[PDB]
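Heads up: the structure comes next, in structure tokens.
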Amino acid sequence: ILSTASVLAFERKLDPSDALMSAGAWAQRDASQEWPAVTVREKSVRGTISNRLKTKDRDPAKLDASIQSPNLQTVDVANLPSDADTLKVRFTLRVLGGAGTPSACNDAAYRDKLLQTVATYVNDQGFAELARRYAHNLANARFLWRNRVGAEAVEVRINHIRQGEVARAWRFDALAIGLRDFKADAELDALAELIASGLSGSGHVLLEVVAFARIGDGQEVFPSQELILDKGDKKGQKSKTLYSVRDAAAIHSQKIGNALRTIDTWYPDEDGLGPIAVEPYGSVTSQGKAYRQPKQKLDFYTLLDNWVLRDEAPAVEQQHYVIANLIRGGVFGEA
Amino acid sequence: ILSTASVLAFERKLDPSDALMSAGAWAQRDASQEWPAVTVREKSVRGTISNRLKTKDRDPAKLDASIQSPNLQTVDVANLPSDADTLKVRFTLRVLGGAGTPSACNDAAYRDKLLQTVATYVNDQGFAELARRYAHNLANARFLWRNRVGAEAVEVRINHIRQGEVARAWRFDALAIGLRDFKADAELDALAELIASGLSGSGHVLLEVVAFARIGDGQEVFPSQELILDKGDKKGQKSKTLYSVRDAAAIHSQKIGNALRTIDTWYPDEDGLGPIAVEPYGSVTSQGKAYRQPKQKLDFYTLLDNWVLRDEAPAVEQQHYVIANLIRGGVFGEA
Amino acid sequence: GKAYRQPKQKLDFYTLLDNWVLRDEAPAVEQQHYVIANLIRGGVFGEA
Amino acid sequence: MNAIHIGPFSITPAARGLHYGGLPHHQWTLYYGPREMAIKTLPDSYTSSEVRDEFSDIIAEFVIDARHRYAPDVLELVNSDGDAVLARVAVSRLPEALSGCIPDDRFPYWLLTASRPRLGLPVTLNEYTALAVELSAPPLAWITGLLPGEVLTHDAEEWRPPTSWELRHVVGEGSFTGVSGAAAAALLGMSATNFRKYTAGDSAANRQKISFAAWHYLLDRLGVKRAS
Amino acid sequence: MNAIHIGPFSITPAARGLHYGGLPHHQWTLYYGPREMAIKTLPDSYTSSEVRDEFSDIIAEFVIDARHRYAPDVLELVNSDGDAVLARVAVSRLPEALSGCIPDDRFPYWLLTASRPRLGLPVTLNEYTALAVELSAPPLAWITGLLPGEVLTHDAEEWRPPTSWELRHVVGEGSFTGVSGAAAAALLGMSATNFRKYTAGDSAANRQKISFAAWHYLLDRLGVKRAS
DNA sequence: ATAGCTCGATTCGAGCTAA
DNA sequence: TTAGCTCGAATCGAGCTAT
């Protein structure tokens with residue numbers, strides 16, 4: 001009857017590293033190899049009562065008493081130097097290949113059927129649309145999450161590191177290439193073919209991606225935020241902790257991977273939001289909602305079950321979504 | 001009637017050490033003795049639910065509430081430095097003699113018959129094919145389990161250590177020697193002869209195995225993982241722990257032994273699925289399938305019983321499998 | 001150490017925003033200037 | 001001696017014994033299906049009751065952790081202020097109209113989740129009564145978290161009959177419901193021998209697989225699913 | 001011609017005929033089991049779907065009367081005065097602790113009956129929702145008045161399997177629920193060919209009886225009983 | 001959707017043992 | 001209450017039909 005496998009673990013393609021933040025001045029970014037790193041430091045914040053009150057704390061005496069005892073805490077803060085207006089963020093990306101092959105599979109017949117399904121996809125249309133959209137999210141600085149919202153000029157440089165050396169160099173204007181449209185461009189097409197060769201398994205590709213953002217002198221930059229155990233004293237609370245590896249502000253690799261993953265424009269709801277990350281049940285953390293609900297028969301699992309088990313191939317857009325979710329990887333199958 | 005003895009404890013031949021894993025740059029890998037160790041650090045991860053729902057969680061409001069309350073974890077993560085692109089993994093291997101001799105037994109007659117059977121095996125065909133296959137799982141960096149999947153270039157260096165100094169050095173291109181075929185090669189033949197002399201008990205063999213791989217600049221490396229006690233909160237859950245010896249990321253010695261143990265290409269299914277580690281009942285945990293089922297007459301216990309008790313010698317491949325199980329050791333015997 | 005625009009006199013940011021958006025009761029132009037300034041400063045508005 | 005079966009659990013002894021002190025001993029290991037839970041070295045002079053009492057605490061903490069892990073999510077009926085809880089209902093699933101909500105004064109009654117980011121909608125007492133009637137959770141709804149989703153589905157084409165081990169979660173005296181097999185057969189209007197044929201071990205020739213309607217009516221009558 | 005069977009109804013023709021006017025004519029007799037409701041003389045030129053339409057209004061009146069005379073008892077939730085009805089729920093059985101009551105001020109919520117000698121019980125909202133969940137009535141609970149009390153009982157020793165005619169009340173194209181035999185079989189997770197053996201009549205070869213669990217689960221799924 | 005069939009396999013009840 | 005077991009009888013699924 002060819003039921004689905006209980007264990008369907010997949011390994012991820014498109015492996016990014018931690019993205020390190022350094023700082024410097026515009027028009028000296030061609031010699032940015034020795035730019036000083038952005039350092040996460042401590043500052044003190046004093047806050048008032050600015051949250052909603054539950055109809056019992058709205059008493060004027062209680063509210064004023066809460067004012068007389070403000071919350072004192074220290075926060076991890078990352079800022080550019082006062083003589084530097086450009087933020088440099090550098091990471092390396094490795095594209096593996098072999099997306100349809102699971103890392104663990106209970107059923108051999110289901111494994112073979114899934115391999116035939118993915119091979120039929122690649123033979124019909126290869127990793128060309130998906131790689132083009134991944135190259136688009138590389139060209140624009142979407143991995144530069146909050147450091148791009150107010151940057152005046154953003155430039156992304158992507159190199160192909162073959163034997164430890166730049167075999168091919170790309171330079172992009174990350175603001176001309178927006179965060180909404182997946183258009184066509186010759187350099188975008190070349191990077192798309194490179195990522196396609198990586199995803200197909202034709203050759204080994206390693207991409208060094210460097211983004212420069214002209215934000216301003218001494219302006220705040222935004223690395224990834226860590227978890228606080230919340231055990232110390234209230235005055236030295238450490239309400240905000242920033243991610244660094246060796247005294248250098250950094251962005252988590254999975255955040256970079258999530259920003260590169262933002263290629264899903266095929267979800268049933270409208271195009272007002274634009275692309276979203278290719279996740280099962282189309283989850284967006286900021287909106288707190290799930291596009292591609294399982295009730296709407298457009299999530300990853302129902303589409304994969306219809307495509308593989310019972311040969312109901314969906315539309316080519318949903319096929320792109322399914323293959324991008326297999327590239328994304330995850331612990332599929334019933335636990 | 002020569003019944004089977006009630007304890008058959010066997011000591012492990014091919015005893016490896018914990019493989020310590022460190023980082024550096026290619027073409028300085030000859031002077032890699034002072035490379036800094038890869039350290040195990042912690043990062044914070046946030047994600048939404050991407051697993052299959054129980055058909056009870058398919059209600060849209062539950063999914064939206066789970067997205068609005070995402071799970072928070074801190075994980076041990078091992079990375080190369082942002083200035084290093086090569087990972088060096090080093091372990092020492094000991095090849096011991098006296099494979100057929102058990103460490104514990106209840107029956108003098110059974111142990112005499114077993115020793116005679118192993119002796120007539122070694123006389124008819126010594127440890128030549130088995131050591132040939134072992135040399136391969138060392139010449140290909142199969143002990144670099146997930147550190148080999150997308151590595152651009154992998155090489156291994158095996159040094160024969162006699163009186164604490166290198167007696168003979170081997171250098172192999174680990175990507176040239178595949179993970180599937182046991183071909184013939186002169187340096188591989190010499191290493192196989194050395195391992196055969198170690199297994200035969202005719203000499204002391206200690207090998208220093210060093211592997212270098214182009215994972216990438218700052219990319220993630222994969223040491224061995226520990227258990228999670230789950231005795232903490234659900235936000236700082238510590239969902240993943242990695243293995244370290246003295247602050248250097250490391251791989252368990254049993255994982256290395258399994259990696260070198262992957263020589264079984266004689267199971268009744270097709271060998272096009274690849275070699276398997278020699279085990280009783282041919283178990284693969286990732287695939288959840290038992291090759292060499294006891295229902296078929298090709299498992300280790302029935303083969304050992306037929307060969308020894310009633311002199312039903314199997315095919316030379318199946319007796320290679322039996323002697324490989326005797327080399328790997330194990331608590332055999334009934335209870 | 002005191003709070004002008006108490007929630008009791010219905011001139012705080014939250015009541016004005018709720019009346020303007022939900023009930024469509026637009027406040028005075030000064031009060032909506034204050035509300036938009038509160039939107040400019042940012043915040044973690046919205047309790048459970 | 002012999003293996004002790006307590007619902008889904010099994011206490012199997014080691015085949016070979018040992019001597020601790022001057023007295024013979026065997027190691028008794030506790031299982032939950034294939035999951036080994038604990039091992040204890042116990043004297044050979046213990047009876048089955050003492051061996052069971054040795055693992056009763058581990059079984060009890062397993063039961064407590066299973067009740068707290070798979071407890072049904074709770075909906076709360078609040079007033080316009082959103083502070084005072086007027087009624088609490090535990091539901092098997094949430095209403096599909098739940099969105100991010102803070103109660104207003106435009107509506108007197110609001111139904112909200114007990115989860116910290118609260119989801120809700122304005123509700124009347126008639127609508128709240130209807131939702132509580134058609135969404136409530138049975139008192140033993142936590143046992144469904146210990147069962148796979150392919151035995152608890154109402155879709156007959158996606159349904160699989162439960163195994164003997166999955167039956168013993170709810171049918172035995174050492175099970176999580178605490179009813180006997182004869183009581184379970186009386187609930188289904190079935191002979192006790194026919195129902196024992198359902199929970200027969202693998203070392204048996206007469207084994208029967210329970211049907212869709214019988215299994216789901218058993219779950220209804222046991223208070224596990226579809227009982228509100 | 002042929003005897004038209006519409007669920008529990010059966011329009012059988014007269015064996016002899018007559019000539020009213022000049023056209024051929026036959027006497028068609030509506031039946032509710034062994035009960036005769038109407039005789040209507042009709043031509044032979046009418047099709048079966050037109051005699052069905054001719055007899056449809058009497059069947060509709062019968063269904064209206066059956067739904068009205070077997071409507072479940074309605075409970076009313078009122079304030080501390082008894083004038084305003086905050087919520088009403090139809091129940092299959094009354095609460096155990098009802099006594100003759102007039103609401104007063106010492107309790108804010110009162111659960112009174114809809115019958116004019118109003119029995120009542122002081123409740124809070126949580127206990128009111130518990131009672132509503134426990135005691136609620138399914139939407140098609142009025143069909144239980146047309147069924148014997150020994151086929152609806154939950155006691156297995158006093159339970160009698162429904163006949164084919166009593167089964168046509170709840171399954172069939174012209175049944176009181178309107179669900180087909182295939183849909184009923186899909187609800188029970190069985191084949192339609194086996195359910196047709198349940199609904200088979202006058203064919204003594206291969207006719208089966210429904211079981212306790214299957215019958216009560218079917219009544220659960222159709223919305224007739226056990227849907228509190 | 002109604003109405004009914006055959007045929008081999010599975011279930012079912014009421015005896016029984018076994019503890 | 002657990003844990004089974006025959007033995008004939010009724011039921012179950014999946015093939016076909018008919019109307």
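Chain A is the first sequence line, chain B the second, and so forth, proteins listed ahead of strands; every chain is numbered from 1.
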Heavy atoms under 4.0 Å, any strand shown: does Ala205(D) hit a base, just sugar-phosphate, or nothing?
sugar-phosphate

Would you classify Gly174(D) as touching base, sugar-phosphate or nothing, given that sugar-phosphate means primed atoms plus P, OP1 and OP2, and contacts are heavy atoms under 4.0 Å?
nothing

Residue pair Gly201(E)/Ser180(E) against DNA chain F: nearer the 5' end by closest nucleotide is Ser180(E)

Nearest-nucleotide 5' precedence on DNA chain F, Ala182(E) against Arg207(D)
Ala182(E)

Under a 4.0 Å N-O cut-off, is there an ion pair linking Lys225(E) with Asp220(E)?
no

Taking the basic N atoms (NZ, or NE/NH1/NH2) and the acidic carboxylate oxygens, is any pair closer than 4.0 Å for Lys295(A) and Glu96(D)?
yes

In whole angstrom, what separates [X]'s [atom1] from [N]'s [atom2]?
X: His5(D); N: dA19(F); atom1: NE2; atom2: P; result: 16 Å
X: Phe9(D); N: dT2(G); atom1: CZ; atom2: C1'; result: 18 Å
X: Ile4(E); N: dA3(F); atom1: CD1; atom2: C1'; result: 16 Å
X: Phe212(D); N: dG13(G); atom1: CZ; atom2: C1'; result: 16 Å
X: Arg168(D); N: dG4(G); atom1: CZ; atom2: P; result: 8 Å
X: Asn2(D); N: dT2(G); atom1: CG; atom2: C1'; result: 13 Å
X: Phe195(E); N: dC5(F); atom1: CZ; atom2: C1'; result: 18 Å
X: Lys197(E); N: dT6(F); atom1: NZ; atom2: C1'; result: 8 Å

OP1, OP2 of [N] versus side-chain N and O of [X]: anything below 4.0 Å?
X: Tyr198(D); N: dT11(F); value: no
X: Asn194(D); N: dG13(F); value: yes
X: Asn206(D); N: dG4(G); value: no
X: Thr193(D); N: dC5(G); value: no
X: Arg196(E); N: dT11(G); value: no

Quick check: any donor-acceptor pair below 3.5 Å linking the side-chain of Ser191(E) to the base of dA14(G)?
no

Say you pick atom P in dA3(G) and the same atom in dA14(F); how far apart are they, in whole Å?
22 Å

Between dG15(F) and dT11(F), how far is it from one P atom to the other, in whole Å?
23 Å

Is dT17(F) on the north side or the south side, where north means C1'-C2'-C3'-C4' is positive?
south

Take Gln27(D) and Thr41(D), measure what side-chain hydrogen bond (donor to acceptor under 3.5 Å, both in side chains) needs, and give me the verdict at the end.
CA-CA 4 Å; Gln27(D) 309 219 300; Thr41(D) 297; 2.6 Å; yes

Pairs counted as Watson-Crick or G-U wobble with both distances under 3.5 Å: what dot-bracket string results for DNA chain G, using | for bases tied to another strand?
.||.||||...|||.|||.

Is the backbone N or O of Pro8(D) less than 3.5 Å from a side-chain atom of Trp165(D), with the two atoms forming a donor-acceptor pair by type?
yes

Hey, does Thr55(B) have a side-chain heavy atom less than 4.5 Å from the side chain of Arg58(B)?
yes

Do you know which two heavy atoms are closest between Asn106(A) and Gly288(B), and how far apart they sit?
OD1-CA, 3.9 Å

Of the candidate nucleotides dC5(G), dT11(F), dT11(G), which contains the atom at the shortest distance from the side chain of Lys209(E)?
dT11(G)

Using the side-chain heavy atoms of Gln208(D), tell me which of these nucleotides is nearest: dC12(F), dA3(F), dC5(G).
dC12(F)

Run the side-chain hydrogen bond (donor to acceptor under 3.5 Å, both in side chains) check on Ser10(E) and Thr12(E) step by step: do they pass?
CA-CA 6 Å; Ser10(E) 66; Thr12(E) 62; 5.7 Å; no

Distance-only side-chain donor-acceptor flag, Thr193(D) / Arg196(D), under 3.5 Å
no

